[PDB]
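The chain that follows stands alone, in the form deposited in one PDB entry, written as structure tokens.
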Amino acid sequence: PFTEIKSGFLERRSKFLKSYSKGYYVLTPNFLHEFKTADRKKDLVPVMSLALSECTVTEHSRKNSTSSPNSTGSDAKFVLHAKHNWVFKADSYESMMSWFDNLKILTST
């Protein structure tokens, strides 16, 4: 058992290393926790826990459509700001939007 609201894999962009690192993320009413693996029985200490009380989600990609074709890269990104700005990338626009929305309602402050 666990008061998990949402969990799943995400890539977080490194600020210095110019690369993404994939982690397994678990959203609770209190934190977004990062774990190395999805094994909630054996992998039990977060590599990082972001307190939601002082985060906000600001922007997200615009879907790849005829109205705004996104030639550059993926359209599955969002920004989580700490009160600096972490860039996360999900599997798809749809998955990204589920993370964004679920984060939004836990961080209205």
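Each residue number is its position in the shown sequence, starting from 1.
One more form of this protein exists, namely the form solved in complex with a small molecule; it is left out here, but the text below deals with it.
Figure note: of the listed segments 52-60, 71-79, 23-31, 39-47, the one touching the small molecule in the entry with it bound, with heavy atoms no more than 4.5 Å away, is 71-79. In the entry with it bound, residue 98 stays away from the small molecule, with no heavy atom inside 4.5 Å.
In the entry with it bound, the small molecule sits within 4.5 Å of a heavy atom of residue 19.
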